[PDB]
Each structure stands twice: as structure tokens, then as C-alpha cells.
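Peer 1: Before anything else, here's the structure in question.
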Amino acid sequence: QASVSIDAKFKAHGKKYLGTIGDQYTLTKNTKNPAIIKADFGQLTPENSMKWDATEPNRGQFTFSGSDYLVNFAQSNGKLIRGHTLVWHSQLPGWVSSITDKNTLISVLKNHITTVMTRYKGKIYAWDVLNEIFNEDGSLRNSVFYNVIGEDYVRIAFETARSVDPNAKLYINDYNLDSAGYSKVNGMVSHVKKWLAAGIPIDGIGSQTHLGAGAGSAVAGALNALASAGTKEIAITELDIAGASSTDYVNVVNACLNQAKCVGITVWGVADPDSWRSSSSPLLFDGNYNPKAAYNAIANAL
Ligand SMILES: O[C@@H]1[C@@H](O)[C@H](O[C@@H]2CO[C@@H](O[C@@H]3CO[C@@H](O)[C@H](O)[C@H]3O)[C@H](O)[C@H]2O)OC[C@H]1O
């Protein structure tokens with residue numbers, strides 16, 4: 001645990017949180033990891049336990065052991081929770097992707113959303129209802145949901161989420177929304193504008209922000225461009241930067257800090273060894289679970 005909590009300093013600027021991720025393994029693999037989460041971060045996103053493959057492995061048969069643990073740990077330690085993720089083409093069981101009947105897929109989609117959200121009703125700050133539904137050019141990704149149901153799946157997912165838990169902020173999450181003018185950014189903005197005008201309950205846009213070295217400075221503009229979609233809020237949901245330079249990290253923190261709609265930042269992991277991009281040392285804590293330079297840089301910028 002770093003003596004200075006970046007979550008605390010971020011919150012002092014009016015932001016809701018500066019969080020990270022977790023699940024049973026990383027929360028128990030050693031003493032430093034859970035200790036860092038409790039001391040320096042104010043929000044948690046389950047790294048894998050709430051995804052479709054881990055929650056409904058067989059049609060109508062749910063497995064909530066992992067998700068229960070993450071939710072319980074967060075709730076037991078005053079950490080906000082971002083549910084992740086309800087509808088996604090990746091980490092999706094074969095039984096779902098093989099469905100070809102529209103009404104059958106809609107029923108399945110609604111039952112999944114309903115069961116997962118009802119189990120944690122009122123405990124979730126934000127749900128990534130839809131994840132990565134756009135192609136790089138801004139068009140809609142041809143996942144089984146898009147192919148079988150069509151564009152109406154967007155409305156169905158959000159409306160169902162809204163009715164099941166009206167207390168949760170409903171998000172559409174995606175990666176590569178990292179610089180203004182990028183095709184995917186333009187596609188995210190125009191579609192959301194349309195969906196909001198049609199009455200679809202989309203509360204926020206989540207920008208994963210998985211960056212390469214030097215890409216930090218373009219994030220501010222990307223967030224400004226996303227703010228034009230018209231959602232109530234936006235958030236950096238899965239931050240990690242190859243090389244973890246202070247310049248990059250401070251640039252990203254300031255990007256959110258200086259944009260009114262940005263409610264928080266979630267770093268995709270605590271320490272480098274546990275990163276899904278470990279070879280690039282993209283996180284705030286090192287192999288010894290000690291604060292890296294970027295962590296201190298972030299603290300001193302706040
Ligand atoms: O068997 C499981 C592994 O296959 C799985 O690997 C994870 C893959 O997802 C990563 O989280 C995503 C990163 O990219 C984004 O676009 C998604 O929205 C995130 O959810 C995660 O970090 C990897 O660990 O997880 C481990 C096993 O459960």
C-alpha cells in the first residue's frame with residue numbers, strides 16, 4: 001500500500017473514484033495486493049467473474065461463485081463496483097453464439113441480463129451493458145447479437161437493464177476511443193446521439209484506454225469528443241499504458257480531471273505481473289507490488 005491514496009486525491013477534485021480490478025486469485029495471492037486495493041483505490045471491476053462464460057456457462061444455469069466473492073469483497077470494503085460485462089461477442093459460451101432464431105436470442109439475452117443484474121441489484125454503481133460492439137471504422141460489429149437480432153439489440157439490452165436495476169448507471173464500453181477524429185470515436189458518438197434521441201437509456205460511455213507509450217496526450221481530446229454524444233457521464237474504464245511513463249499517466253489523469261463528464265478512472269490491474277499485458281509493464285505497481293514512478297507522479301499532480 002502506498003501511503004498516499006490517488007483515489008482519495010482524485011475524489012478531492014470532485015471525481016467519484018480512481019479504481020482498479022480484482023477477483024479471487026489476485027485478492028488472495030499475497031498480502032500486498034488486497035492491501036493496495038483497500039488503501040489506494042476506491043472502486044473495483046471484476047476482471048473475469050461477471051462475463052457471460054463465467055456466469056451462464058449453460059443455458060439458464062448460472063454460476064455466481066466468483067462474482068459473489070468480488071462483489072462481497074468490494075461491498076465489505078467500501079469500494080464502488082462496475083459490473084462487467086453483460087453483452088459481448090468475446091468470452092461468450094458456444095450455446096449463445098449458435099442461436100439463430102431472433103426471438104430465442106432476445107429471450108436468452110433478457111434472461112441473462114435480468115438474472116445477473118437482479119443478483120446484485122442496488123450494489124452496482126455502473127454496468128457495462130454492451131461491450132465492444134463497434135468495428136474500427138465506426139460501423140456495428142457483426143456479432144451474433146447484431147447478426148440475429150439486428151440493431152434493436154442495443155435498445156433491448158439497455159431497456160431491460162434500466163428496468164431491472166434503475167439504480168445502476170448503464171454504459172456502452174469500447175476500446176480505441178483514444179483520439180478525437182478517430183473513426184471509432186466518430187462512430188461511437190453518432191450512434192449514441194441517435195440512440196439517446198430514440199429514448200434508449202444510455203447513461204454513460206466507457207473508454208477502455210489500453211494505450212501504447214506516448215499515447216496519453218491524445219486522450220483529453222478523445223474524452224472531449226465523446227462528451228458530444230450527449231450521455232450524462234463518461235469514464236476511463238480499463239486504463240493501462242505500455243511502459244507506464246509518468247508523462248503518459250499524468251496526461252490521462254488530467255484528461256479525465258479536466259472533463260466534467262468524466263466521473264472516474266479504473267486502472268486495468270494493480271501490479272505488473274498480474275497484468276493481461278504484463279510484458280509491457282503497463283501498471284502503477286511493480287513486480288514487488290511497490291508504487292512505480294507514475295503512481296507518485298499521479299499523486300503529485302492531484
Ligand atoms: O480463462 C480466462 C482467460 O481467458 C481470461 O483472460 C482475460 C481476458 O479479458 C481481460 O479483460 C478484458 C481486457 O479487454 C477488454 O476489452 C475487456 O472488456 C476486459 O474484460 C482479462 O484481463 C484477461 O485476464 O481471464 C482469465 C480466465 O478467467
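In the C-alpha cells, chains take the letters A, B, ... in the order shown, each chain's residues start at 1, and ligands count up from 1 in the order shown.
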Name all residues at most 9 Å from residue 95 in chain A (count only C-alpha atoms; drop same-chain ones fewer than 5 positions away) and give them as a short mmCIF file (atom, residue, chain, number, x, y, z; two decimals) with N, CA and C atoms, in the first residue's frame.
Peer 2:
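Now in selection_29.cif:
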```cif
data_model
loop_
_atom_site.label_atom_id
_atom_site.label_comp_id
_atom_site.auth_asym_id
_atom_site.auth_seq_id
_atom_site.Cartn_x
_atom_site.Cartn_y
_atom_site.Cartn_z
N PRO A 57 -22.60 -20.51 -18.07
CA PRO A 57 -21.91 -21.50 -18.90
C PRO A 57 -22.82 -22.41 -19.72
N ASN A 58 -24.03 -22.64 -19.22
CA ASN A 58 -25.02 -23.46 -19.90
C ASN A 58 -26.30 -22.67 -19.83
N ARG A 59 -27.14 -22.85 -20.84
CA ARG A 59 -28.40 -22.14 -20.94
C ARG A 59 -29.25 -22.20 -19.68
#
```
Peer 1: Mind listing the residues within 9 Å of ligand 1, only C-alpha atoms and all ligand atoms counted, as a short mmCIF file (atom, residue, chain, number, x, y, z; two decimals) with C-alpha atoms, in the first residue's frame?
Peer 2:
```cif
data_model
loop_
_atom_site.label_atom_id
_atom_site.label_comp_id
_atom_site.auth_asym_id
_atom_site.auth_seq_id
_atom_site.Cartn_x
_atom_site.Cartn_y
_atom_site.Cartn_z
CA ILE A 21 -9.76 -4.61 -10.90
CA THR A 45 -14.32 -4.11 -11.61
CA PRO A 46 -14.35 -7.92 -11.71
CA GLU A 47 -11.61 -8.91 -14.17
CA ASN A 48 -13.46 -12.04 -15.42
CA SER A 49 -16.06 -13.33 -12.95
CA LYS A 51 -18.59 -12.19 -18.00
CA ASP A 53 -18.77 -17.51 -19.93
CA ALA A 54 -18.28 -17.34 -16.15
CA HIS A 84 -18.59 -6.14 -16.36
CA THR A 85 -19.90 -7.17 -18.78
CA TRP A 88 -20.17 -9.12 -25.52
CA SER A 90 -15.89 -12.33 -26.70
CA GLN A 91 -15.83 -14.79 -23.77
CA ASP A 128 -21.04 -2.18 -18.87
CA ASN A 131 -19.02 -4.14 -24.69
CA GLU A 132 -17.05 -3.61 -27.91
CA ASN A 173 -17.90 0.36 -23.35
CA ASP A 174 -15.27 0.13 -26.10
CA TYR A 175 -11.55 0.40 -26.83
CA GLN A 208 -11.17 1.39 -22.10
CA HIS A 210 -5.49 0.49 -23.39
CA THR A 237 -12.70 2.02 -17.72
CA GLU A 238 -9.61 -0.14 -18.34
CA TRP A 268 -6.82 -2.47 -15.51
CA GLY A 269 -4.84 -4.16 -12.76
CA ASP A 274 -0.91 -9.60 -12.90
CA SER A 275 -1.48 -7.50 -15.99
CA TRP A 276 -3.02 -9.04 -19.11
CA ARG A 277 -0.21 -7.12 -20.92
#
```
Peer 1: Nearest to residue 209 in chain A: which of A:282, A:230, A:138, A:166 is it, counting only C-alpha atoms?
Peer 2: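 The closest residue to residue 209 in chain A is A:282.
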Peer 1: Might you pull out every residue within 12 Å of residue 31 in chain A, with only C-alpha atoms counted and same-chain residues fewer than 6 positions away left off, and present them as a list in words?
Peer 2: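 The residues that qualify are residues 1, 25, 37, 38, 288 and 289 of chain A.
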Peer 1: Next, the residues of the selection above should be written as a PDB file, in the first residue's frame with N, CA and C atoms.
Peer 2:
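Written output follows (part.pdb):
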```
ATOM      1  N   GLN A   1       0.813  -1.212   0.000  1.00  0.00           N
ATOM      2  CA  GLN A   1       0.000   0.000   0.000  1.00  0.00           C
ATOM      3  C   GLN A   1       0.850   1.267   0.000  1.00  0.00           C
ATOM      4  N   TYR A  25      -8.424 -14.775  -7.156  1.00  0.00           N
ATOM      5  CA  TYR A  25      -6.987 -15.022  -7.216  1.00  0.00           C
ATOM      6  C   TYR A  25      -6.111 -13.824  -6.822  1.00  0.00           C
ATOM      7  N   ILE A  37      -5.341  -2.393  -2.831  1.00  0.00           N
ATOM      8  CA  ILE A  37      -6.697  -2.116  -3.287  1.00  0.00           C
ATOM      9  C   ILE A  37      -7.494  -1.366  -2.236  1.00  0.00           C
ATOM     10  N   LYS A  38      -7.388  -1.803  -0.988  1.00  0.00           N
ATOM     11  CA  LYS A  38      -8.105  -1.160   0.106  1.00  0.00           C
ATOM     12  C   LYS A  38      -7.601   0.237   0.463  1.00  0.00           C
ATOM     13  N   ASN A 288       7.192  -6.182  -7.340  1.00  0.00           N
ATOM     14  CA  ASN A 288       7.296  -6.320  -5.893  1.00  0.00           C
ATOM     15  C   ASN A 288       6.095  -5.691  -5.204  1.00  0.00           C
ATOM     16  N   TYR A 289       5.083  -5.338  -5.996  1.00  0.00           N
ATOM     17  CA  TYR A 289       3.853  -4.712  -5.510  1.00  0.00           C
ATOM     18  C   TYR A 289       4.123  -3.382  -4.814  1.00  0.00           C
TER      19      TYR A 289
END
```
Peer 1: May I have the residues within 9 Å of range 261-266 of chain A as number ranges by chain, using only C-alpha atoms and disregarding those fewer than 6 positions away in the same chain?
Peer 2: A: 10-11, 14-21, 41, 43-45, 204, 208, 223-224, 227, 231-239, 253, 255
Peer 1: For residue 40 in chain A, which residue among A:28, A:296, A:107, A:186 is the nearest when counting only C-alpha atoms?
Peer 2: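 Ranking A:28, A:296, A:107, A:186 by distance to residue 40 in chain A, first place goes to A:296.
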Peer 1: As a ChimeraX atom specification, please: all residues of range 132-197 of chain A that backbone DSSP puts in alpha helix (DSSP H).
Peer 2: /A:144-148,152-164,183-197
Peer 1: For residue 26 in chain A, which residue among A:70, A:267, A:105, A:81 is the nearest when counting only C-alpha atoms?
Peer 2: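 That would be A:70, the residue with the smallest distance to residue 26 in chain A.
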Peer 1: Considering only C-alpha atoms, state which residue in the set A:147, A:106, A:79, A:202 is at the smallest distance from residue 130 in chain A.
Peer 2: A:202
Peer 1: Within 8 Å of residue 187 in chain A, counting only C-alpha atoms, which residues show up once you throw out same-chain ones fewer than 6 positions away? Write them as a PyMOL selection string, please.
Peer 2: chain A and resi 134+137-139
Peer 1: Could you name the residues that touch residue 82 in chain A at 6 Å or less, counting only C-alpha atoms, but leaving out those on the same chain fewer than 3 positions away, as a PyMOL selection string?
Peer 2: chain A and resi 45+125-127
Peer 1: Mind dumping the selected residues with C-alpha atoms as an mmCIF file, in the first residue's frame?
Peer 2:
```
data_model
loop_
_atom_site.group_PDB
_atom_site.id
_atom_site.type_symbol
_atom_site.label_atom_id
_atom_site.label_comp_id
_atom_site.auth_asym_id
_atom_site.auth_seq_id
_atom_site.Cartn_x
_atom_site.Cartn_y
_atom_site.Cartn_z
ATOM 1 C CA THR A 45 -14.324 -4.106 -11.613
ATOM 2 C CA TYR A 125 -22.560 1.692 -9.449
ATOM 3 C CA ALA A 126 -22.262 1.093 -13.188
ATOM 4 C CA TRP A 127 -22.842 -1.806 -15.559
#
```
Peer 1: Just the residues within 12 Å of residue 98 in chain A, please, counting only C-alpha atoms, with nothing from its chain fewer than 4 positions along; format it as a PyMOL selection string.
Peer 2: chain A and resi 59+89+92-94+102+104-105+108+143-145+147-148
Peer 1: Hey, what does DSSP flag as strand (DSSP E) within range 33-230 of chain A? Can you give it to me as a VMD selection string?
Peer 2: chain A and resid 43 to 46 80 to 87 126 to 131 169 to 174 204 to 207 210 to 211
